[PDB]
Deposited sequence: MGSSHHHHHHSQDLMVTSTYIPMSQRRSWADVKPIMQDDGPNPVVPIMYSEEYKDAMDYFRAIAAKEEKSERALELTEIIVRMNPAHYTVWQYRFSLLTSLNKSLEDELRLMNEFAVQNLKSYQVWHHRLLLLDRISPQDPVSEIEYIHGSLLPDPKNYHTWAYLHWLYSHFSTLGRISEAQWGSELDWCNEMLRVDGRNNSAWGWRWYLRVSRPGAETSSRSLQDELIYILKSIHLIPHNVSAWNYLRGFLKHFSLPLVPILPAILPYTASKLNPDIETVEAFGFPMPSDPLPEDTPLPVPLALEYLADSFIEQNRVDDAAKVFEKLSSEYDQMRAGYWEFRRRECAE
């Protein structure tokens, strides 16, 4: 059975405070006795601004019932710093919170505040945990954003070595090997290879990156992630589209990779984004009529869901 907190000697001194949203509020929620009791005493704890171990226990009980309660998460982090608690132990508790599927914006932000305050000399253990935590959800948006922050924050402090960057690309390359359609891993590769401030921009790196992109397209010619990465790559580095066209034309119905002698099975032609490449390549050659003809075919035959958009692109050329 449940023992109310008014029947506990450890809380006999505390007068609970009731929730005050008026005598007849809209969108009320039918709380359990356990959840209402904990928030009643939390309202009192926060009123007296008590920083204690029982307040710490109370915050954990509350966030186990509602992991999205941002006020209680704010008070909990204020409790950990005031009482000089073990932030490493709190990370072990956060590991259990993900095991038992207690997740939200607030749990992920709490973990970030912990790593920020711990400020470890080497955050390799946290990087490894993030990699492993992607097993149930390889595309968890909060996790990928947290990984971006971890590398960005600790590289600002100078604590990401060259070997750490190198193994991170190894891990990212493996993620795209398991599922080349993981657009989150493509975005991570863009950070590692292009956008991060310490990235190398040389002639070999541009060739290496272009080889990886074309091979990824030839493996999965209908993968939108690879096509968008290609268009962003050429645009970001102001590279022309015409030289690469021999590798793209087989999809529209030279020392860079090429498609297979017959294309892989289940590869119907033409690939709509390959046509968009051809049309933009025509525009690069200042050939507006040829570009308008490709947009017209995209609008009326090959990408009819975007018929209005491809028609708008056709009208620009004329």
property: Chain regions without C-alpha coordinates, deposited sequence numbering; result: 1-18, 272-283, 349
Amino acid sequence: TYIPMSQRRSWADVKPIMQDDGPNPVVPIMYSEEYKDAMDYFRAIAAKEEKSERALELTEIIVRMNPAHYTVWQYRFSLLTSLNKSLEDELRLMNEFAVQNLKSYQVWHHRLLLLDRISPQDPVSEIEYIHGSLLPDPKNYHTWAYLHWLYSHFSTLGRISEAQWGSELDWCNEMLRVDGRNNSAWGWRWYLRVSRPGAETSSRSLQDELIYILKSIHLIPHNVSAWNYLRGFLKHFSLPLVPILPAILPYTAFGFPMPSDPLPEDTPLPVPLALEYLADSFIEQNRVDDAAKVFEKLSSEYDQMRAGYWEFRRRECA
From here on, numbers count along this sequence of modelled residues.
| item | value |
| --- | --- |
| Check: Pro250 without coordinates in a third or more of other entries | no |
| Selected stretch [higher average CA B-factor]: 91-99 or 219-227 | 91-99 |
| 176-184 set against 100-108, stretch whose average Cα temperature factor tops the other in the entry | 100-108 |
| Highest recorded Cα temperature factor - choice among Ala163, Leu114, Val194, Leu135 | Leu135 |
| Identity of residue with top Cα B-factor, from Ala55, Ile62, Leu263, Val26 | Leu263 |
| Third of the chain, ranked by Cα B-factor, where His69 sits | lowest |
| Among modelled residues of the same chain, the CA temperature factor third for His153 | lowest |
| Chain-relative CA temperature factor third for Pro246 | highest |
| Third of chain Cα B-factors occupied by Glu168 | lowest |
| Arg189, C-alpha B-factor rank within chain (lowest, middle or highest third) | lowest |
